[PDB]
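Everything on this sheet refers to the single structure shown next.
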Amino acid sequence: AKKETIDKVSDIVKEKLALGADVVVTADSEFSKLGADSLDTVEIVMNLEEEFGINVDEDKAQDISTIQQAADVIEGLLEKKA
């Protein structure tokens, strides 16, 4: 993934965990540590899929733990295009 993609995802994720101004999310930050439960994570991929117009199964995003992890799955899909 790229530094640009991480910013996009983090923007959406942090927005779901907070307003974004009172929260601090990074590539090293874990969705579980940020305060995102199983009900939150599932929503993260949903908001992202609609953003990048991509699609991914939850069972496939299991390994996903940090922002970067979720960024790799997304950035990896957009590449499939063309």
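We label chains A, B, ... in the order they appear in the structure tokens, count residues from 1 in each chain, and number ligands from 1 in the order shown.
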Worksheet entry | All residues 12 Å or closer to region 23-38 of chain A, only C-alpha atoms, same chain fewer than 3 positions away omitted, as a ChimeraX atom specification | /A:1-20,41-45,58,61-72
Could you write out that same residue set with C-alpha atoms as a PDB file, in the first residue's frame?
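The resulting file, selection-v8.pdb, is shown below:
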```pdb
ATOM      1  CA  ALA A   1       0.000   0.000   0.000  1.00  0.00           C
ATOM      2  CA  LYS A   2       0.936   3.679  -0.239  1.00  0.00           C
ATOM      3  CA  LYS A   3       1.004   6.520   2.289  1.00  0.00           C
ATOM      4  CA  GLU A   4      -1.840   8.160   0.365  1.00  0.00           C
ATOM      5  CA  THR A   5      -4.149   5.152   0.670  1.00  0.00           C
ATOM      6  CA  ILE A   6      -3.508   4.784   4.400  1.00  0.00           C
ATOM      7  CA  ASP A   7      -4.671   8.373   4.865  1.00  0.00           C
ATOM      8  CA  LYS A   8      -7.917   7.694   3.004  1.00  0.00           C
ATOM      9  CA  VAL A   9      -8.772   4.571   5.001  1.00  0.00           C
ATOM     10  CA  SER A  10      -7.710   6.068   8.332  1.00  0.00           C
ATOM     11  CA  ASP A  11      -9.909   9.073   7.558  1.00  0.00           C
ATOM     12  CA  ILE A  12     -12.968   6.837   7.225  1.00  0.00           C
ATOM     13  CA  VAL A  13     -12.054   4.533  10.109  1.00  0.00           C
ATOM     14  CA  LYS A  14     -11.184   7.302  12.566  1.00  0.00           C
ATOM     15  CA  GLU A  15     -14.452   8.950  11.532  1.00  0.00           C
ATOM     16  CA  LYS A  16     -16.361   5.847  12.627  1.00  0.00           C
ATOM     17  CA  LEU A  17     -14.464   5.661  15.921  1.00  0.00           C
ATOM     18  CA  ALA A  18     -14.720   9.408  16.518  1.00  0.00           C
ATOM     19  CA  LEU A  19     -15.067  12.856  14.949  1.00  0.00           C
ATOM     20  CA  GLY A  20     -11.466  12.619  13.786  1.00  0.00           C
ATOM     21  CA  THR A  41     -14.562  -3.348  11.991  1.00  0.00           C
ATOM     22  CA  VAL A  42     -17.278  -4.818   9.771  1.00  0.00           C
ATOM     23  CA  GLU A  43     -18.510  -1.261   9.237  1.00  0.00           C
ATOM     24  CA  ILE A  44     -15.009  -0.059   8.365  1.00  0.00           C
ATOM     25  CA  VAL A  45     -14.683  -2.343   5.341  1.00  0.00           C
ATOM     26  CA  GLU A  58     -15.159 -10.387   5.919  1.00  0.00           C
ATOM     27  CA  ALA A  61     -10.318  -9.456   6.047  1.00  0.00           C
ATOM     28  CA  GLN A  62      -9.794 -11.564   9.168  1.00  0.00           C
ATOM     29  CA  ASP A  63      -6.028 -11.061   9.331  1.00  0.00           C
ATOM     30  CA  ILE A  64      -6.777  -7.337   9.143  1.00  0.00           C
ATOM     31  CA  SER A  65      -5.755  -5.748  12.443  1.00  0.00           C
ATOM     32  CA  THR A  66      -4.204  -2.358  11.690  1.00  0.00           C
ATOM     33  CA  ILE A  67      -4.920   0.390   9.162  1.00  0.00           C
ATOM     34  CA  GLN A  68      -2.093  -0.775   6.901  1.00  0.00           C
ATOM     35  CA  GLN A  69      -3.539  -4.291   6.836  1.00  0.00           C
ATOM     36  CA  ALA A  70      -6.870  -2.943   5.591  1.00  0.00           C
ATOM     37  CA  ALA A  71      -5.013  -0.680   3.163  1.00  0.00           C
ATOM     38  CA  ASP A  72      -3.218  -3.604   1.524  1.00  0.00           C
TER      39      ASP A  72
END
```
Using the chain letters and numbers from this document, which residues of chain A does DSSP assign to helix (DSSP H, G or I), as a short mmCIF file (atom, residue, chain, number, x, y, z; two decimals) with N, CA, C and O atoms, in the first residue's frame?
```cif
data_model
loop_
_atom_site.label_atom_id
_atom_site.label_comp_id
_atom_site.auth_asym_id
_atom_site.auth_seq_id
_atom_site.Cartn_x
_atom_site.Cartn_y
_atom_site.Cartn_z
N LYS A 3 1.30 5.60 1.20
CA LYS A 3 1.00 6.52 2.29
C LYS A 3 -0.29 7.28 2.02
O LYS A 3 -0.97 7.71 2.96
N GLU A 4 -0.63 7.45 0.75
CA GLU A 4 -1.84 8.16 0.36
C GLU A 4 -3.08 7.34 0.70
O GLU A 4 -4.06 7.87 1.23
N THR A 5 -3.03 6.05 0.40
CA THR A 5 -4.15 5.15 0.67
C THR A 5 -4.43 5.06 2.17
O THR A 5 -5.58 5.14 2.60
N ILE A 6 -3.37 4.89 2.95
CA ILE A 6 -3.51 4.78 4.40
C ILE A 6 -4.27 5.98 4.97
O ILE A 6 -5.08 5.83 5.88
N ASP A 7 -4.01 7.16 4.42
CA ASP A 7 -4.67 8.37 4.86
C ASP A 7 -6.17 8.32 4.58
O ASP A 7 -6.99 8.72 5.40
N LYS A 8 -6.52 7.81 3.40
CA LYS A 8 -7.92 7.69 3.00
C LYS A 8 -8.68 6.76 3.94
O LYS A 8 -9.72 7.13 4.49
N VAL A 9 -8.15 5.56 4.13
CA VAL A 9 -8.77 4.57 5.00
C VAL A 9 -8.88 5.09 6.43
O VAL A 9 -9.95 5.08 7.03
N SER A 10 -7.75 5.55 6.97
CA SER A 10 -7.71 6.07 8.33
C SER A 10 -8.76 7.16 8.52
O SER A 10 -9.39 7.25 9.58
N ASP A 11 -8.94 7.99 7.50
CA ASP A 11 -9.91 9.07 7.56
C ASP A 11 -11.32 8.53 7.79
O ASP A 11 -12.08 9.08 8.59
N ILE A 12 -11.65 7.45 7.09
CA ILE A 12 -12.97 6.84 7.22
C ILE A 12 -13.09 6.08 8.54
O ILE A 12 -14.09 6.20 9.25
N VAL A 13 -12.06 5.31 8.87
CA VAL A 13 -12.05 4.53 10.11
C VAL A 13 -12.15 5.44 11.33
O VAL A 13 -13.07 5.31 12.14
N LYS A 14 -11.20 6.37 11.45
CA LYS A 14 -11.18 7.30 12.57
C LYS A 14 -12.52 8.03 12.69
O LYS A 14 -12.94 8.38 13.79
N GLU A 15 -13.17 8.26 11.55
CA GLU A 15 -14.45 8.95 11.53
C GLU A 15 -15.54 8.09 12.17
O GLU A 15 -16.49 8.61 12.76
N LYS A 16 -15.39 6.78 12.06
CA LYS A 16 -16.36 5.85 12.63
C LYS A 16 -16.09 5.63 14.11
O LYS A 16 -17.00 5.28 14.87
N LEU A 17 -14.85 5.84 14.52
CA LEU A 17 -14.46 5.66 15.92
C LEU A 17 -14.52 6.99 16.67
O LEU A 17 -14.45 7.02 17.90
N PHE A 31 -7.19 -1.57 14.92
CA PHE A 31 -8.63 -1.33 14.99
C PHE A 31 -9.19 -1.72 16.35
O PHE A 31 -10.12 -1.10 16.85
N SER A 32 -8.60 -2.75 16.95
CA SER A 32 -9.04 -3.22 18.26
C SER A 32 -8.57 -2.28 19.37
O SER A 32 -9.26 -2.09 20.37
N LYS A 33 -7.39 -1.70 19.18
CA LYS A 33 -6.82 -0.78 20.16
C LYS A 33 -7.51 0.58 20.08
O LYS A 33 -7.69 1.25 21.10
N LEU A 34 -7.90 0.98 18.88
CA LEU A 34 -8.57 2.26 18.67
C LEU A 34 -9.95 2.26 19.32
O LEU A 34 -10.51 3.32 19.60
N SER A 38 -15.94 -5.91 16.92
CA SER A 38 -16.32 -6.72 15.77
C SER A 38 -17.42 -6.04 14.96
O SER A 38 -17.50 -6.19 13.74
N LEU A 39 -18.27 -5.29 15.65
CA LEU A 39 -19.37 -4.58 15.00
C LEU A 39 -18.87 -3.34 14.28
O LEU A 39 -19.48 -2.88 13.32
N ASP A 40 -17.75 -2.80 14.75
CA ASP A 40 -17.16 -1.61 14.15
C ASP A 40 -16.34 -1.97 12.92
O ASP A 40 -16.54 -1.41 11.84
N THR A 41 -15.42 -2.91 13.09
CA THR A 41 -14.56 -3.35 11.99
C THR A 41 -15.38 -3.64 10.74
O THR A 41 -15.08 -3.13 9.66
N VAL A 42 -16.41 -4.46 10.89
CA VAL A 42 -17.28 -4.82 9.77
C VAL A 42 -17.78 -3.57 9.05
O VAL A 42 -17.95 -3.58 7.83
N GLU A 43 -18.02 -2.51 9.81
CA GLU A 43 -18.51 -1.26 9.24
C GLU A 43 -17.39 -0.53 8.50
O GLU A 43 -17.64 0.18 7.53
N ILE A 44 -16.16 -0.70 8.98
CA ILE A 44 -15.01 -0.06 8.37
C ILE A 44 -14.85 -0.49 6.91
O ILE A 44 -14.74 0.34 6.01
N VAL A 45 -14.83 -1.80 6.69
CA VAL A 45 -14.68 -2.34 5.34
C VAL A 45 -15.86 -1.94 4.45
O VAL A 45 -15.70 -1.74 3.25
N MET A 46 -17.03 -1.82 5.06
CA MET A 46 -18.23 -1.44 4.32
C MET A 46 -18.11 -0.02 3.79
O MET A 46 -18.36 0.24 2.61
N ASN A 47 -17.72 0.91 4.66
CA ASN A 47 -17.57 2.31 4.27
C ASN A 47 -16.44 2.47 3.26
O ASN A 47 -16.48 3.35 2.40
N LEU A 48 -15.42 1.62 3.37
CA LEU A 48 -14.28 1.66 2.46
C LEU A 48 -14.65 1.11 1.09
O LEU A 48 -14.31 1.70 0.06
N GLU A 49 -15.34 -0.03 1.08
CA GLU A 49 -15.76 -0.66 -0.16
C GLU A 49 -16.55 0.31 -1.03
O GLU A 49 -16.40 0.34 -2.25
N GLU A 50 -17.40 1.11 -0.39
CA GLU A 50 -18.21 2.09 -1.10
C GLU A 50 -17.38 3.28 -1.55
O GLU A 50 -17.69 3.93 -2.54
N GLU A 51 -16.31 3.56 -0.80
CA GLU A 51 -15.43 4.68 -1.11
C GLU A 51 -14.57 4.36 -2.34
O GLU A 51 -14.52 5.14 -3.29
N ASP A 59 -14.49 -12.72 5.91
CA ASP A 59 -13.63 -13.86 6.20
C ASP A 59 -12.23 -13.64 5.62
O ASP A 59 -11.25 -14.19 6.13
N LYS A 60 -12.15 -12.85 4.56
CA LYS A 60 -10.87 -12.56 3.92
C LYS A 60 -10.14 -11.43 4.64
O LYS A 60 -8.91 -11.35 4.59
N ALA A 61 -10.90 -10.57 5.31
CA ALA A 61 -10.32 -9.46 6.05
C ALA A 61 -10.13 -9.81 7.52
O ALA A 61 -10.11 -8.93 8.38
N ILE A 67 -4.52 -0.37 10.34
CA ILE A 67 -4.92 0.39 9.16
C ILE A 67 -4.21 -0.12 7.92
O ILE A 67 -4.83 -0.36 6.88
N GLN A 68 -2.89 -0.29 8.02
CA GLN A 68 -2.09 -0.77 6.90
C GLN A 68 -2.67 -2.07 6.34
O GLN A 68 -2.82 -2.23 5.13
N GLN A 69 -2.98 -3.00 7.24
CA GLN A 69 -3.54 -4.29 6.84
C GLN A 69 -4.76 -4.10 5.94
O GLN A 69 -4.88 -4.74 4.90
N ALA A 70 -5.66 -3.22 6.36
CA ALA A 70 -6.87 -2.94 5.59
C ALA A 70 -6.55 -2.18 4.31
O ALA A 70 -7.29 -2.25 3.33
N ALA A 71 -5.43 -1.45 4.32
CA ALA A 71 -5.01 -0.68 3.16
C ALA A 71 -4.46 -1.59 2.07
O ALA A 71 -4.65 -1.32 0.88
N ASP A 72 -3.79 -2.66 2.47
CA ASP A 72 -3.22 -3.60 1.52
C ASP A 72 -4.31 -4.32 0.74
O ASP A 72 -4.21 -4.51 -0.47
N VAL A 73 -5.36 -4.73 1.45
CA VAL A 73 -6.48 -5.43 0.82
C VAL A 73 -7.19 -4.54 -0.18
O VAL A 73 -7.59 -4.99 -1.26
N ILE A 74 -7.36 -3.27 0.17
CA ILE A 74 -8.03 -2.31 -0.70
C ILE A 74 -7.15 -1.95 -1.89
O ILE A 74 -7.54 -2.15 -3.04
N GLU A 75 -5.96 -1.42 -1.61
CA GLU A 75 -5.03 -1.03 -2.67
C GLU A 75 -4.76 -2.21 -3.60
O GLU A 75 -4.49 -2.02 -4.79
N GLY A 76 -4.82 -3.42 -3.06
CA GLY A 76 -4.58 -4.60 -3.86
C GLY A 76 -5.71 -4.90 -4.82
O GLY A 76 -5.51 -5.54 -5.86
N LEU A 77 -6.91 -4.44 -4.48
CA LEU A 77 -8.08 -4.67 -5.31
C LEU A 77 -8.12 -3.68 -6.48
O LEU A 77 -8.34 -4.06 -7.63
N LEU A 78 -7.90 -2.40 -6.17
CA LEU A 78 -7.91 -1.36 -7.19
C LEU A 78 -6.93 -1.69 -8.31
O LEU A 78 -7.15 -1.33 -9.46
N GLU A 79 -5.84 -2.37 -7.96
CA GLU A 79 -4.83 -2.75 -8.93
C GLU A 79 -5.37 -3.79 -9.91
O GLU A 79 -5.01 -3.80 -11.09
N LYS A 80 -6.25 -4.65 -9.42
CA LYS A 80 -6.85 -5.69 -10.24
C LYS A 80 -7.54 -5.09 -11.46
O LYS A 80 -7.68 -5.74 -12.50
#
```
